[PDB]
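Each chain is listed here by its residues.
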Amino acid sequence: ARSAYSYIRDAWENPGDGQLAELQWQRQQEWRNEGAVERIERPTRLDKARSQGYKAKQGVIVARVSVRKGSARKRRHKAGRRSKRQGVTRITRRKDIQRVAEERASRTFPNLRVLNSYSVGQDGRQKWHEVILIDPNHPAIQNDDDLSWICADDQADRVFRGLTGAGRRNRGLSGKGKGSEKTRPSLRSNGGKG
Amino acid sequence: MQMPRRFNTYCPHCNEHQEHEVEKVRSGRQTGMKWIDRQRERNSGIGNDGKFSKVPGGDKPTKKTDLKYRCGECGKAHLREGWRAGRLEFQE
Amino acid sequence: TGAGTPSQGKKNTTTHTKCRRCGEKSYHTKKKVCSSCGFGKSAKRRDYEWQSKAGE
Amino acid sequence: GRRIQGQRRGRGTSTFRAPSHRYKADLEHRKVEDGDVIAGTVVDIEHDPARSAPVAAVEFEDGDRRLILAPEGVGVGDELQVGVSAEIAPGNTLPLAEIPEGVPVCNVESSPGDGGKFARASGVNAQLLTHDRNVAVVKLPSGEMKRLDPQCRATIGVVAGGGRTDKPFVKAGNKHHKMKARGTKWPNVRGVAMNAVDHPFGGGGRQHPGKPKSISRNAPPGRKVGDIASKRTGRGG
RNA sequence: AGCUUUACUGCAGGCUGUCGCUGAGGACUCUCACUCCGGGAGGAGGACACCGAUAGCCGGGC
RNA sequence: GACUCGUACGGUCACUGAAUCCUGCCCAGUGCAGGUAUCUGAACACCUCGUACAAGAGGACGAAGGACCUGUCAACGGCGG
RNA sequence: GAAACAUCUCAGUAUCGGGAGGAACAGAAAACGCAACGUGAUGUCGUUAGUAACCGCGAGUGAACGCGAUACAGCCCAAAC
Ligand SMILES: [Cl-]
Ligand SMILES: [Cl-]
Ligand SMILES: [Cl-]
Ligand SMILES: [Cl-]
Ligand SMILES: [K+]
Ligand SMILES: [Mg+2]
Ligand SMILES: [Mg+2]
Ligand SMILES: [Mg+2]
Ligand SMILES: [Mg+2]
Ligand SMILES: [Mg+2]
Ligand SMILES: [Mg+2]
Ligand SMILES: [Mg+2]
Ligand SMILES: [Mg+2]
Ligand SMILES: [Mg+2]
Ligand SMILES: [Mg+2]
Ligand SMILES: [Mg+2]
Ligand SMILES: [Mg+2]
Ligand SMILES: [Mg+2]
Ligand SMILES: [Mg+2]
Ligand SMILES: [Mg+2]
Ligand SMILES: [Mg+2]
Ligand SMILES: [Mg+2]
Ligand SMILES: [Mg+2]
Ligand code: NA
Ligand code: NA
Ligand code: NA
Ligand code: NA
Ligand code: NA
Ligand code: NA
Ligand code: NA
Ligand code: NA
Ligand code: NA
Ligand code: NA
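Residues numbered from 1 in each chain as written, not as in the entry; some residues may be left out. Chains lettered and ligands numbered in written order. Part of a larger assembly, values for the part shown. Heavy atoms only, no water.

Our next topic: the protein's contact with RNA strand F. Close to RNA strand F lie 65 residues; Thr31(B), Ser20(D), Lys117(D), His208(D) and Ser230(D) are nearest. By atom count, sugar and phosphate contribute 75% of the portion of RNA strand F lying within 4 Å of the protein. A distance of 2.6 Å is found between a sugar or linking oxygen of RNA strand F and a backbone nitrogen or oxygen belonging to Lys117(D). No other element matches the 3 residues that helix α1 (residues 5–10) of chain D contributes to the surface near RNA strand F. Grouping the amino acids of the surface near RNA strand F by side-chain chemistry returns 20 nonpolar, 26 polar and 19 charged. (Near = heavy atom within 4 Å. Polar contact = N/O pair within 3.5 Å; in protein donor to acceptor, adjacent residues only side chain to side chain. Helix = DSSP H or I, 4+ residues; strand = E, 2+ residues; numbered from the N terminus. Nonpolar A, V, L, I, M, F, W, Y, C, P; charged D, E, K, R; others polar.)

Here we come to the protein's contact with RNA strand G. The local shell around RNA strand G holds 46 residues, among which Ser83(A), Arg94(A), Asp157(A), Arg171(A) and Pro185(A) are the closest. Sugar and phosphate atoms form 87% of the subset of RNA strand G atoms that lie within 4 Å of the protein. One of the backbone N or O atoms of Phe160(A) is found 3.1 Å from a base nitrogen in RNA strand G. Contact distances for RNA strand G include 2.8 Å between a sugar or linking oxygen and a side-chain N or O atom of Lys176(A). For the surface near RNA strand G, the secondary-structure elements that each account for two or more residues are α3 (46–51) of chain A together with α1 (35–43) of chain B. Tallying contributions element by element places α1(B) first for the surface near RNA strand G, with 3 residues. Residue composition of the surface near RNA strand G, grouped by class: 11 nonpolar, 12 polar and 23 charged.

All names here are of chain A. Along the chain, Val62 falls in strand β2 (residues 60–68). On the accessibility criterion, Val62 (3% relative accessible area) is buried. Along the primary structure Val62 and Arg42 are separated by 20 residues, whereas in three dimensions their C-alpha atoms are 7.2 Å apart. Among all residues touching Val62, those that are not within four sequence positions of it are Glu38, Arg39, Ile40, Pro43, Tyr54, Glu130 and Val131. (Buried < 20%, exposed > 50% of the residue type's maximum accessible area, 1.4 Å probe, protein only. Contact = heavy atoms within 4.5 Å.)

A few words now on the packing of aromatic side chains. Given two aromatic rings, their pairing is described by the distance between the two centres and the angle made by the two planes. Under the definition given, this model contains 4 aromatic pairs over all chains. Here the guanidinium or amino end of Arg80(B) rests over the ring plane of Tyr69(B), the centre of that ring lying 4.5 Å away. Here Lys175(D) stacks its cationic end above the ring of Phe169(D), 5.2 Å away from the centre of that ring. (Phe/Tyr/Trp six-rings, centres within 6.5 Å; stacked < 30°, edge-to-face > 60°. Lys NZ or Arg CZ within 6 Å of the ring centre and 35° of its normal.)

With that settled, the discussion passes to the nonpolar core. Residues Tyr54(A), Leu115(A), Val120(A), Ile132(A) and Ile134(A) are the most contacted members of the largest nonpolar core, which totals 18 residues. Setting aside chain neighbours within four positions, we find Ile132(A) in contact with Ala49(A), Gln52(A), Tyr54(A), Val60(A), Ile61(A), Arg113(A), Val114(A), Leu115(A), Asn116(A) and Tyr118(A). By size, the runner-up hydrophobic cluster in this structure holds 17 residues, among which are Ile99(D), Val105(D), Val138(D) and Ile156(D). (Core = buried A, V, L, I, M, F, W, Y, C linked by side-chain atoms within 4.5 Å.)

Turning to helix α4 (residues 97–108) of chain A, a few remarks are in order. The periodicity of an α-helix, 3.6 residues per turn, causes residues three or four places apart in sequence to face the same way. All names here are of chain A. The end-to-end C-alpha distance of α4 is 17 Å, a good match for the 16 Å that 12 residues give at a rise of 1.5 Å each. Residues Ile97, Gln98, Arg99, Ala101, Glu102, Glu103, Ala105 and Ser106 constitute the buried set of α4. Looking at the buried side of α4, the elements it contacts are β1 (37–39), β2, β3 (113–122), β4 (126–134) and α6 (165–170). (Expected span 1.5 Å × (residues − 1).)

A few words on the UniProt feature "zinc finger region: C4-type" in chain B. According to UniProt, the "zinc finger region: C4-type" feature falls on residues 11–74 of chain B. Structurally, residues 11–74 of chain B comprises 14% helix and 19% strand, and the distance from its first C-alpha atom to its last is 9 Å. (UniProt positions renumbered as here; feature names shortened; annotations may be inferred.)

Okay, the sheet that holds strand β5 (residues 93–95) of chain D next. Residues and elements named next belong to chain D. Here we have 6 strands laid out as an open sheet, ordered β5-β10-β6-β7-β8-β9, and antiparallel in their pairing. Sheet topology places β5 and β9 (145–148) at the edges, where each strand pairs with a single neighbour. For this sheet, the mean inter-axis angle between neighbouring strands, taken without regard to orientation, is 45°. Note that strand β7 (residues 126–130) and strand β8 (residues 136–139) share 3 bridges and pair antiparallel. Paired with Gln127 across the two strands is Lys139, which belongs to β8. (Pairing = 2+ DSSP bridges. Axes fitted to C-alpha atoms, helices over the stretch in contact; angles between N-to-C directions.)

The next thing to look at is the environment of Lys139(D). All names here are of chain D. In this fold, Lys139 is placed in strand β8. Note on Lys139: relative accessible area 37%, which makes it partly exposed. Sequence separation between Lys139 and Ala126 is 13 residues; the distance between their C-alpha atoms is 5.6 Å. Discounting residues that sit within four places of it in the chain, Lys139 has contacts with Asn125, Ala126, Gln127, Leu129, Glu144 and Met145.

This is the structure we're talking about:
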């Protein structure tokens, strides 16, 4: 039979319809008044969180992060530039908003490590993403056969090196075949052309 | 100069002389789907667009003859070299 | 007044001093910032790639 | 070229800032829960460095001591009132509604409780004209008819220091002293006296603006100089 | 190289339409988002404005 | 964020440059501003054609702007054969 | 550099911001597409090849599959119950 979770999931397929719609029209009012990074006791999208690795356990944290919508907040050139490089308005950053959100969260929690994140909507001028972080030092996690992997040293600051899920996707590593010539094994080793 | 709307001449298709009708080549309309069309959209961005930033050349004092010669029996046409002509008017 | 020798006489102000962190006489006592190691501005030590040839 | 003077202003550097630390008080109407019972006595009359006009020190019944935008005619000893029931005399502050039409007012609020915005300079005054349950029409010193919430508080009488503008500064030195008490760069060098690099009117072998002086409203900063969006110029016709 | 302009090409900026935020009953009402005033109660404004995106015009300010 | 502890007797942007006698004529061009029946005027949405979809072609509507009209020279300037 | 120059080129170079490790990164196919009755995680080396592809179709720019090698290794959740 359908899991209760499946209902949360099916509701979020259309965040602009039904009860969820009214819920959002309400929450965002409180959200717009919260800060850049707010730790929250329970995930707003349980199915999504558990699906991404979440666990109601010690050392597992969640926080909602809001980032501004739109293109790069760029300064116009102050020295000579050929027309090609004189742009300001249409330039966009190569890192997606969801990735900016993951980084802002990880910095708020220096000891923790980003496990994953997901979207929880947006209003006219900002987007909110809930990030799942893990305490690599808590024994409740060091002894978890499903998460202890994040405890290894080479997982330190994993979000800042794009090892996150949204990171790897944003790095064009999704495809294993055609189209990933300049992306795998890394953007940098491919001369930064991806 | 003046020029007969119809007159006998060789038809490269029939391979024999027949009455042809002369018409000025009306410009076909573009589809905006040719390769060059896609490159314009693709390659145009911030700043100068290279070739796509250029504009229409100009005009020669007199243009050459742009005509279609239609065979009166098989209905097919053929083109010929043109010759500079300030004006061209058909007779009948 | 000449911008040269005659303007050299008023120079009795102390600015750059021995730095508590790097030992170089670059700690600007008015700004409280070392121009050499970044002490007072950065927790990380001041360093730039342009301090040496690009391929070295 | 280089940024023009109007652009250096925005940066808010010392030269362009007002000597705030030398200012006395941010003149604003008091806040009264209600009742109107609030009243106080004029204790002294001081000079206001930010407005070149006199201001009055007042002690209120609840111990509060604060400087107030002084209208003409207020002296030490006088008792002023602030509230809905305040008496209708010079110096008292009450909402435009409780004020009788045809009476000169000053330090008028734009939005009720904002503390006063309009008519606060030397000798000026607003003119309450029309009442209503919705709109109180006031005629500001510029001559404009301003529709206002009748709940907007105001002070009776014209502002003190009237006629300050009648006397010429006569000499640069006097201007200098006044200018020094404001957020202004002075003296003023004419654009036409500068180099092309410094101003859109600079350059030439003789002094004259390059193009016409009336500039579009859409002109970007760095170029919006001269007669900004002038609907007309000169005095003729 | 500095400077100029109705030189060429662009880039900021301003104005303007449109989409999103954004809701109820070619002109109109409302309140619930959003904005502002108020210490608060509450008041003004209100699906506009702001902001994000895009389109046209102006654009030696660069 | 400066102006601003400011509010038109303000402060911003320019020109001229104490006093005294004065400051004529010109709005065609250029600039600015206001208006505008009609004309012109992009994109989205909308209609037609096209494509089992799409590209694409056309139409309807039409903002600012422009045409057109008006105001303005202590606005750029002009004041001859 | 293009014998000027705007796209292009120099070059994702110089330089800047953030961060890991002794190595990093990648990695067990929503792959490949010598089209197959075929290959079988990933890096790297040799080659494929200055080939395909891009480009005021100018100057220039420039892969991949496959193959020969090196080394080989395959697994864990979410959900159903
Ligand atoms: Cl991390
Ligand atoms: Cl012809
Ligand atoms: Cl003054
Ligand atoms: Cl194969
Ligand atoms: K170049
Ligand atoms: Mg372009
Ligand atoms: Mg010198
Ligand atoms: Mg004040
Ligand atoms: Mg004066
Ligand atoms: Mg000063
Ligand atoms: Mg002057
Ligand atoms: Mg000079
Ligand atoms: Mg200039
Ligand atoms: Mg002069
Ligand atoms: Mg002059
Ligand atoms: Mg030069
Ligand atoms: Mg506020
Ligand atoms: Mg230039
Ligand atoms: Mg060259
Ligand atoms: Mg590598
Ligand atoms: Mg060439
Ligand atoms: Mg290249
Ligand atoms: Mg391949
Ligand atoms: Na962290
Ligand atoms: Na790429
Ligand atoms: Na492309
Ligand atoms: Na000049
Ligand atoms: Na020079
Ligand atoms: Na004129
Ligand atoms: Na005119
Ligand atoms: Na050359
Ligand atoms: Na050259
Ligand atoms: Na090119």
